[PDB]
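*Asks:* So here's model-v3.cif (mmCIF, C-alpha atoms).
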```
data_query
#
loop_
_atom_site.label_atom_id
_atom_site.label_comp_id
_atom_site.auth_asym_id
_atom_site.auth_seq_id
_atom_site.Cartn_x
_atom_site.Cartn_y
_atom_site.Cartn_z
CA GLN R 6 169.59 79.30 86.25
CA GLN R 7 170.78 82.19 84.11
CA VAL R 8 170.99 85.89 84.86
CA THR R 9 168.26 87.27 82.62
CA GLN R 10 169.83 87.84 79.23
CA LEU R 11 169.95 91.32 77.78
CA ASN R 12 167.19 91.96 75.26
CA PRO R 13 168.40 92.80 71.72
CA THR R 14 168.25 96.58 72.23
CA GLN R 15 169.97 96.36 75.62
CA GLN R 16 172.59 94.09 74.08
CA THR R 17 173.67 96.37 71.25
CA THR R 18 173.57 99.44 73.50
CA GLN R 19 175.73 97.88 76.21
CA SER R 20 178.22 96.19 73.86
CA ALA R 21 178.75 99.38 71.85
CA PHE R 22 179.18 101.47 75.01
CA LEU R 23 181.62 99.02 76.64
CA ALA R 24 183.68 98.64 73.46
CA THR R 25 184.24 102.39 73.34
CA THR R 26 185.22 102.19 77.02
CA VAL R 27 187.89 99.64 76.07
CA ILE R 28 189.28 102.13 73.53
CA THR R 29 189.57 104.69 76.34
CA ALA R 30 191.32 102.16 78.59
CA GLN R 31 193.86 101.31 75.88
CA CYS R 32 194.49 105.01 75.22
CA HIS R 33 195.43 105.33 78.89
CA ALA R 34 197.71 102.30 78.40
CA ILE R 35 199.51 104.22 75.63
CA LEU R 36 199.97 107.16 78.02
CA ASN R 37 201.49 104.71 80.53
CA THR R 38 203.96 103.36 77.98
CA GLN R 39 207.42 104.82 78.57
CA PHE R 40 211.14 104.39 78.12
CA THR R 41 214.19 106.21 79.43
CA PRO R 42 217.49 106.75 77.60
CA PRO R 43 220.54 104.74 78.65
CA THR R 44 223.38 106.53 80.39
CA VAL R 45 224.91 106.94 76.92
CA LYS R 46 221.93 107.98 74.81
CA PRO R 47 222.14 106.22 71.42
CA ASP R 48 221.62 108.10 68.17
CA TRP R 49 218.24 106.42 67.56
CA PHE R 50 216.66 107.35 70.90
CA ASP R 51 215.16 110.79 70.18
CA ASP R 52 213.48 109.82 66.90
CA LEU R 53 211.92 106.68 68.37
CA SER R 54 210.71 108.72 71.35
CA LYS R 55 209.12 111.11 68.85
CA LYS R 56 207.14 108.19 67.40
CA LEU R 57 205.90 107.24 70.88
CA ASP R 58 204.97 110.91 71.46
CA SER R 59 202.92 110.82 68.26
CA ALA R 60 200.96 107.77 69.42
CA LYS R 61 200.35 109.50 72.77
CA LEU R 62 199.08 112.61 70.96
CA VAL R 63 196.46 110.58 69.09
CA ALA R 64 195.54 108.70 72.28
CA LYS R 65 194.87 112.02 74.04
CA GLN R 66 192.60 113.18 71.19
CA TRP R 67 190.34 110.27 72.13
CA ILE R 68 190.64 110.65 75.91
CA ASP R 69 190.11 114.41 75.93
CA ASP R 70 187.74 114.99 72.99
CA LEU R 71 186.29 112.22 70.83
CA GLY R 72 185.95 109.41 73.39
CA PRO R 73 183.59 111.23 75.77
CA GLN R 74 181.49 112.25 72.76
CA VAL R 75 181.20 108.76 71.24
CA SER R 76 180.62 107.01 74.55
CA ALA R 77 177.89 109.45 75.61
CA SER R 78 176.13 109.35 72.23
CA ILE R 79 175.36 105.62 72.54
CA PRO R 80 173.05 105.64 75.60
CA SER R 81 171.83 109.15 74.77
CA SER R 82 170.38 107.90 71.47
CA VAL R 83 168.08 105.59 73.45
CA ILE R 84 167.34 108.03 76.29
CA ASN R 85 166.53 111.03 74.10
CA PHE R 86 164.13 109.01 71.90
CA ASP R 87 162.03 107.79 74.82
CA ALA R 88 159.71 110.79 75.21
CA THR R 89 158.48 110.85 71.60
CA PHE R 90 158.29 107.05 71.52
CA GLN R 91 156.14 106.93 74.66
CA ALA R 92 153.87 109.71 73.43
CA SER R 93 153.52 108.08 70.01
CA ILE R 94 152.70 104.59 71.25
CA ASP R 95 150.23 106.07 73.74
CA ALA R 96 148.54 108.10 70.99
CA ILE R 97 148.27 105.01 68.77
CA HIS R 98 146.74 103.01 71.61
CA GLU R 99 144.15 105.76 72.19
CA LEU R 100 143.32 105.84 68.46
CA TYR R 101 142.91 102.06 68.55
CA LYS R 102 140.72 102.09 71.68
CA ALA R 103 138.35 104.65 70.14
CA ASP R 104 137.92 102.65 66.90
CA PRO R 105 139.70 99.29 66.93
CA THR R 106 138.46 98.18 63.49
CA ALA R 107 139.12 101.46 61.64
CA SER R 108 140.57 100.77 58.18
CA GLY R 109 141.16 102.47 54.85
CA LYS R 110 143.32 105.37 53.70
CA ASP R 111 140.23 107.59 53.84
CA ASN R 112 139.63 106.84 57.54
CA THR R 113 140.68 109.62 59.91
CA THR R 114 141.89 107.22 62.61
CA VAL R 115 144.11 105.50 60.03
CA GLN R 116 145.37 108.85 58.73
CA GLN R 117 146.39 110.02 62.20
CA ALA R 118 148.01 106.70 63.16
CA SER R 119 149.93 106.73 59.88
CA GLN R 120 151.17 110.27 60.44
CA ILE R 121 152.29 109.45 63.99
CA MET R 122 154.26 106.42 62.74
CA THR R 123 155.73 108.32 59.78
CA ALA R 124 157.05 111.06 62.08
CA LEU R 125 158.43 108.46 64.51
CA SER R 126 160.19 106.65 61.65
CA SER R 127 161.73 109.94 60.50
CA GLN R 128 163.14 110.44 64.00
CA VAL R 129 164.50 106.89 64.00
CA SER R 130 166.23 107.49 60.67
CA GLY R 131 167.83 110.61 62.14
CA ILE R 132 169.18 108.61 65.09
CA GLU R 133 170.43 105.92 62.70
CA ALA R 134 172.34 108.62 60.82
CA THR R 135 173.83 109.94 64.07
CA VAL R 136 175.14 106.48 65.00
CA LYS R 137 176.56 106.00 61.51
CA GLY R 138 178.27 109.38 61.85
CA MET R 139 179.81 108.44 65.19
CA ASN R 140 181.21 105.26 63.61
CA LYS R 141 182.71 107.47 60.87
CA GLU R 142 184.35 109.76 63.43
CA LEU R 143 185.74 106.67 65.16
CA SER R 144 187.01 105.34 61.82
CA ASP R 145 188.75 108.59 60.91
CA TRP R 146 190.40 108.75 64.33
CA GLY R 147 191.37 105.09 64.01
CA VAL R 148 193.17 105.79 60.73
CA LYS R 149 195.32 108.33 62.58
CA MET R 150 195.97 105.89 65.43
CA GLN R 151 196.86 103.07 63.04
CA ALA R 152 199.36 105.34 61.26
CA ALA R 153 201.03 106.30 64.54
CA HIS R 154 201.07 102.65 65.63
CA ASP R 155 202.56 101.47 62.33
CA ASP R 156 205.37 104.01 62.46
CA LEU R 157 206.22 103.11 66.06
CA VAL R 158 206.28 99.40 65.17
CA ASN R 159 208.43 100.05 62.08
CA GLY R 160 210.81 102.30 64.01
CA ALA R 161 211.35 99.71 66.74
CA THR R 162 211.77 96.92 64.19
CA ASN R 163 214.40 98.92 62.30
CA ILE R 164 216.45 99.57 65.45
CA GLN R 165 216.19 95.90 66.41
CA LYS R 166 217.67 94.85 63.04
CA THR R 167 220.80 96.88 63.72
CA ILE R 168 222.04 95.07 66.84
CA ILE R 169 223.16 91.67 65.59
CA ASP R 170 223.31 88.73 68.07
CA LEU R 171 220.07 89.71 69.86
CA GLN R 172 217.61 88.37 67.28
CA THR R 173 216.84 85.19 69.27
CA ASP R 174 216.31 87.20 72.46
CA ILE R 175 213.99 89.54 70.56
CA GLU R 176 211.86 86.70 69.18
CA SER R 177 211.50 85.27 72.70
CA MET R 178 210.44 88.67 74.07
CA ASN R 179 207.99 89.20 71.21
CA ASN R 180 206.41 85.76 71.70
CA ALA R 181 205.76 86.62 75.36
CA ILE R 182 204.39 90.05 74.41
CA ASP R 183 202.05 88.41 71.89
CA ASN R 184 200.80 85.95 74.50
CA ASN R 185 200.14 88.74 76.99
CA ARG R 186 198.43 90.90 74.33
CA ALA R 187 196.01 88.04 73.56
CA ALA R 188 195.22 87.38 77.23
CA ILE R 189 194.40 91.02 77.98
CA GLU R 190 192.44 91.30 74.71
CA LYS R 191 190.29 88.39 75.91
CA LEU R 192 189.51 90.02 79.27
CA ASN R 193 188.23 93.10 77.45
CA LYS R 194 186.38 91.35 74.64
CA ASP R 195 184.59 89.02 77.06
CA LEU R 196 183.30 92.14 78.85
CA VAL R 197 182.20 93.83 75.61
CA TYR R 198 180.20 90.75 74.55
CA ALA R 199 178.77 89.97 77.99
CA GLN R 200 175.11 88.99 77.68
CA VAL R 201 174.21 90.23 81.19
CA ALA R 202 173.56 93.81 82.25
CA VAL R 203 176.82 95.35 83.38
CA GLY R 204 175.26 97.83 85.78
CA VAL R 205 176.79 100.88 87.40
CA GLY R 206 180.21 99.99 88.76
CA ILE R 207 182.42 100.09 85.65
CA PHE R 208 186.16 100.57 86.16
CA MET R 209 189.43 100.37 84.25
CA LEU R 210 192.78 99.06 85.48
CA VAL R 211 195.74 100.63 83.65
CA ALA R 212 199.33 99.50 84.13
CA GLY R 213 202.83 100.08 82.99
CA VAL R 214 204.55 96.70 82.76
CA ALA R 215 208.32 96.63 83.28
CA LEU R 216 210.02 94.82 80.38
CA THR R 217 213.54 95.55 81.66
CA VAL R 218 215.29 95.12 84.99
CA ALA R 219 215.52 98.92 85.16
CA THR R 220 212.27 100.32 86.57
CA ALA R 221 210.36 103.32 85.22
CA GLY R 222 212.40 106.51 85.06
CA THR R 223 215.82 104.88 85.50
CA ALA R 224 218.45 104.51 82.79
CA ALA R 225 217.47 102.24 79.87
CA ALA R 226 214.06 101.30 81.33
CA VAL R 227 211.13 100.19 79.15
CA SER R 228 207.49 99.91 80.27
CA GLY R 229 204.77 98.50 78.06
CA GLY R 230 201.16 99.48 78.74
CA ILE R 231 198.14 97.25 79.36
CA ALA R 232 194.59 98.00 80.44
CA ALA R 233 191.45 96.06 81.29
CA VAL R 234 187.86 97.19 81.87
CA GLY R 235 185.75 95.56 84.57
CA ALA R 236 182.43 95.93 86.33
CA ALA R 237 181.26 95.26 89.87
CA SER R 238 178.43 92.96 88.77
CA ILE R 239 180.35 90.63 86.43
CA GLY R 243 186.05 89.89 86.86
CA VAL R 244 189.39 91.61 86.35
CA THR R 245 191.45 92.52 89.43
CA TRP R 246 195.03 93.59 90.05
CA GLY R 247 195.80 90.00 91.05
CA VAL R 248 194.43 88.71 87.75
CA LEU R 249 196.64 91.15 85.84
CA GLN R 250 199.72 90.39 87.94
CA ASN R 251 199.20 86.63 87.56
CA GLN R 252 198.79 87.07 83.80
CA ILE R 253 202.01 89.07 83.37
CA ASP R 254 203.88 86.62 85.64
CA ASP R 255 202.72 83.71 83.45
CA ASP R 256 203.56 85.34 80.11
CA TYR R 257 206.78 87.16 81.05
CA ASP R 258 208.44 85.06 83.77
CA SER R 259 210.97 83.37 81.46
CA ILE R 260 211.69 86.67 79.71
CA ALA R 261 212.58 88.25 83.05
CA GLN R 262 215.25 85.57 83.50
CA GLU R 263 216.59 86.10 79.97
CA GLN R 264 216.78 89.89 80.37
CA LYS R 265 218.88 89.56 83.55
CA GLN R 266 221.57 87.90 81.40
CA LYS R 267 221.96 91.00 79.20
CA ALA R 268 223.51 94.41 79.67
CA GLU R 269 220.91 97.05 80.41
CA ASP R 270 221.22 98.84 77.06
CA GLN R 271 220.67 95.51 75.30
CA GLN R 272 217.66 94.73 77.51
CA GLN R 273 216.08 97.97 76.30
CA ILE R 274 216.63 97.13 72.62
CA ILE R 275 215.21 93.63 73.20
CA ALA R 276 212.07 95.19 74.72
CA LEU R 277 211.38 97.85 72.08
CA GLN R 278 208.29 96.21 70.56
CA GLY R 279 206.74 96.69 73.99
CA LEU R 280 206.40 100.40 73.17
CA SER R 281 203.64 99.42 70.72
CA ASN R 282 201.80 96.91 72.95
CA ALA R 283 199.20 99.46 74.03
CA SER R 284 198.64 100.82 70.52
CA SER R 285 198.21 97.30 69.17
CA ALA R 286 195.55 96.93 71.87
CA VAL R 287 193.90 100.19 70.74
CA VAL R 288 193.84 98.94 67.15
CA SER R 289 192.10 95.76 68.28
CA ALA R 290 189.64 97.81 70.37
CA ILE R 291 188.86 99.99 67.32
CA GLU R 292 188.05 96.88 65.29
CA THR R 293 185.68 95.57 67.97
CA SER R 294 184.09 99.01 68.45
CA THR R 295 183.49 99.43 64.71
CA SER R 296 181.66 96.09 64.60
CA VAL R 297 179.46 96.61 67.65
CA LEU R 298 178.67 100.18 66.59
CA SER R 299 177.42 98.74 63.30
CA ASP R 300 175.28 96.29 65.29
CA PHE R 301 173.90 99.28 67.24
CA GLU R 302 173.21 101.20 64.03
CA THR R 303 171.32 98.12 62.79
CA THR R 304 169.09 98.19 65.89
CA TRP R 305 167.82 101.56 64.67
CA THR R 306 167.56 100.45 61.03
CA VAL R 307 165.37 97.48 62.00
CA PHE R 308 163.20 99.69 64.25
CA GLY R 309 162.59 102.15 61.43
CA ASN R 310 161.78 99.37 58.98
CA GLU R 311 159.22 97.96 61.41
CA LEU R 312 157.56 101.37 61.66
CA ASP R 313 157.60 101.75 57.88
CA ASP R 314 155.98 98.31 57.56
CA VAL R 315 153.04 99.40 59.72
CA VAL R 316 152.62 102.54 57.60
CA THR R 317 152.60 100.38 54.46
CA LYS R 318 150.01 98.03 55.94
CA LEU R 319 147.78 100.98 56.89
CA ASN R 320 148.17 102.44 53.40
CA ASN R 321 147.06 99.08 51.98
CA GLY R 322 143.86 99.05 54.05
CA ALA R 323 144.78 97.07 57.17
CA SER R 324 142.68 97.75 60.25
CA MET R 325 143.97 99.23 63.48
CA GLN R 326 143.29 95.83 65.10
CA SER R 327 145.60 94.28 62.50
CA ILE R 328 148.25 96.90 63.34
CA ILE R 329 147.83 96.45 67.12
CA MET R 330 148.98 92.84 66.65
CA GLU R 331 152.26 93.84 65.02
CA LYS R 332 155.45 93.27 67.04
CA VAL R 333 156.37 96.97 67.24
CA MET R 334 152.97 97.61 68.84
CA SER R 335 153.08 94.71 71.33
CA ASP R 336 153.38 95.07 75.10
CA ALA R 337 156.38 92.74 75.00
CA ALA R 338 158.16 95.20 72.71
CA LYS R 339 157.17 98.11 74.94
CA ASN R 340 158.53 96.44 78.09
CA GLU R 341 161.76 95.57 76.26
CA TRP R 342 162.10 99.21 75.20
CA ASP R 343 161.47 100.41 78.76
CA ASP R 344 164.17 98.03 80.01
CA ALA R 345 166.53 99.36 77.33
CA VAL R 346 165.89 102.95 78.44
CA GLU R 347 166.59 101.98 82.06
CA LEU R 348 169.87 100.29 81.12
CA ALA R 349 170.89 103.23 78.91
CA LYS R 350 170.27 105.64 81.81
CA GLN R 351 172.48 103.45 84.01
CA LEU R 352 175.30 103.46 81.45
CA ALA R 353 175.03 107.22 80.82
CA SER R 354 175.24 107.95 84.56
CA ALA R 355 178.06 105.49 85.22
CA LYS R 356 181.16 107.18 86.60
CA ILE R 357 184.07 105.16 85.25
CA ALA R 358 186.82 104.73 87.84
CA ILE R 359 190.46 104.50 86.70
CA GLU R 360 193.22 102.85 88.74
CA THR R 361 196.83 103.06 87.56
CA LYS R 362 199.84 101.08 88.80
CA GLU R 363 203.37 100.29 87.67
CA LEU R 364 203.77 96.50 87.59
CA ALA R 365 206.69 94.17 87.06
CA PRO R 366 206.60 90.44 86.29
CA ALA R 367 207.72 88.24 89.16
CA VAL R 368 210.96 86.32 88.61
CA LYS R 369 209.86 82.67 88.91
#
```
So, in terms of structure tokens, how does the structure I just supplied come out?
*Replies:*
Amino acid sequence: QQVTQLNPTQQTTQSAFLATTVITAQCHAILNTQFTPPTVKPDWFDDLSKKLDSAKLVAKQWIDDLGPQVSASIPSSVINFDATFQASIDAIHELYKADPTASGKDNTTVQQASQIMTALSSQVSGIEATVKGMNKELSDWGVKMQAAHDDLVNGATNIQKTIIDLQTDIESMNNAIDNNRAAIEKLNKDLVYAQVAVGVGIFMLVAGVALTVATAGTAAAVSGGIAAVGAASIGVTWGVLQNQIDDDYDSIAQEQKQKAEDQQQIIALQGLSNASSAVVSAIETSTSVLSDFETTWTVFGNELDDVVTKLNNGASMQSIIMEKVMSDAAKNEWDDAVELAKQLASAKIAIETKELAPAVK
């Protein structure tokens, strides 16, 4: 008993699409990261806030501009190829039916089949180049995000050096943050690499997580951001997220209550870069699965080129009809991949946002 596994083309399409969806979710988590000055605003506050603003700026470039383009391009590459693929395979099968044993470069059936496959391979190479280009746009955006993340991390680290006597409290806080980062990363990565069709009902849960007693918008408050993508068929819930933050942060909540509120804020400052560390991780996953998706097209084009080479070397149409790219199994797999791509392209991704706080005990 296993839910029918995704075929290879379905798999790379869905994983690449979902990974880019995780980037979007983590960009929303950056937008839900916040902190409020203490009653007496320290001299470092404005410049650190500027670094958070810079990370938010880059996050919005993805949400508003690049993200919708990259995410749509993945299923569209499959969908928009279908018409010429169907017409080409149908034309080859008619050529074969009319003369199944036709062979030789001088044979008109061979010449027409070869031209059909050559044109199809050219189209595949164009799609391959589009996917490669989308990975480049992602990479260039990721360089900007990484720079904003690094400066926010460095800025918080520098402020944390300046308040002596809190270095043990800071290490405790950071250990809890690291544990929570890994748990949320796993929720998202398990979805990206799911081997079952995700279907229509994709959603993202985005939260600010209180890292101080002071709640969002009150003096000296800090909220880190987290986000998780889910789907109705496969699962993350608000209760899962709450239970995870309670497990990772419960002791830290008790430690923070022992400190003055301005100190609590300083102890929590690495939390400002939680969400951007999650984005950086999501970029790494997306780059890898987008390369896998590019490879799907490279392999496809090489299979088409191999049939052209065989025809050029005198193979009969009957010999070609037995090649994998010409098989009914391959055609049904392609049809299933088109159906899944249409589902992903039409999916309306719901977003739910909440401000959470770890439970004390």
*Asks:* Translate the PyMOL selection byres ((chain R and resi 270) around 10), as applied to the file shown, into an explicit residue set as a VMD selection string.
*Replies:* chain R and resid 42 to 47 217 219 224 to 226 267 to 269 271 to 275
*Asks:* From the list R:338, R:122, R:99, R:21, which residue is nearest residue 314 of chain R when using all atoms listed in the file?
*Replies:* R:122
*Asks:* List the residues matched by the PyMOL selection byres ((chain R and resi 342) around 10) in the displayed structure as a PyMOL selection string, ordered by chain and then by residue number.
*Replies:* chain R and resi 12-15+83+87+90-91+336-341+343-348
*Asks:* Using all atoms listed in the file, which protein or nucleic acid residues come within 7 Å of segment 138-140 of chain R? Drop anything in the same chain fewer than 6 positions from it, and give the result as a VMD selection string.
*Replies:* chain R and resid 75 295 298
*Asks:* Quick one: which residues end up in the PyMOL selection byres ((chain R and resi 300-303) around 6) for this structure, as a ChimeraX atom specification?
*Replies:* /R:17,133,136,297-299,304-306
*Asks:* May I ask which of the residues R:327, R:320, R:25, R:281 is the closest one to residue 59 of chain R, counting all atoms listed in the file?
*Replies:*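 Closest residue, counting all atoms listed in the file: R:281.
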*Asks:* Tell me which of R:238, R:39, R:113, R:326 sits closest to residue 202 of chain R, counting only C-alpha atoms.
*Replies:*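 Closest candidate: R:238.
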